[PDB]
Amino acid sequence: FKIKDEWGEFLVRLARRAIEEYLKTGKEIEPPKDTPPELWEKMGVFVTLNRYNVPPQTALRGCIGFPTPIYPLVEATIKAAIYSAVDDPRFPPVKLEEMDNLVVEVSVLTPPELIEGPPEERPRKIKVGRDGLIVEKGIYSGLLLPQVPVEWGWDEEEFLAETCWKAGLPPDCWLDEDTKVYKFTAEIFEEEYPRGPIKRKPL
């Protein structure tokens, strides 16, 4: 575990606070002075907002992140949290009252690593329940978090085709040598219920 449980809890609470404060004052909070030093290191992160007490496959309310380590983790979390609440083009922006009915999930990512070898053998180098994926070709790029294939019950080959689709590429694009496929992992933390205890979420 690269991210201590205490740090995951910190980040999830920070994400909720960033969203509520933004919705209330339009201001983006700053990393708190008590922020753990290790959390200033640049890392990729995604924040997901899920509707509470509904079937999981119907819960996604917002999900935005920074796949690359361009921001210190603490700052990336604050921004991604806000973006997931009001800047996810697929859904209407979250209003303050609704935060009573949503649970926050923070996914801290490890650096993506290029999958090597014959393209038709790429499914063998990935593992649903462990890997997140990024597919890139030309100007197209798409990413799907590790929890996605698990939630929908996809195998490695299906997961690949779905990530290609996410990028705006044909489903079988991963069979192309010129298509670049990266795998990455994440340490996930989520509220058990709105404003309740936070816990690590294994796949």
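Note that residue numbering follows the sequence shown and begins at 1.
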Look up the CA B-factors in the entry and say which stretch, 117-125 or 100-108, has the higher mean. 117-125
When the Cα temperature factors in the entry are averaged, is it 18-26 or 185-193 that ends up higher? 18-26
Just the C-alpha B-factor column, please: which of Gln147, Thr163, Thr68, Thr48 has the biggest number? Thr68
Report the third (lowest, middle or highest) to which the CA temperature factor of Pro72 belongs, ranking only the modelled residues of the same chain. highest
Third assignment of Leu60 from its chain's C-alpha B-factors: middle
Tell me, lowest, middle or highest third: where does the Cα B factor of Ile139 rank within its chain? highest
CA B-factor placement of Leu39, once the chain's modelled residues are sorted into thirds: highest
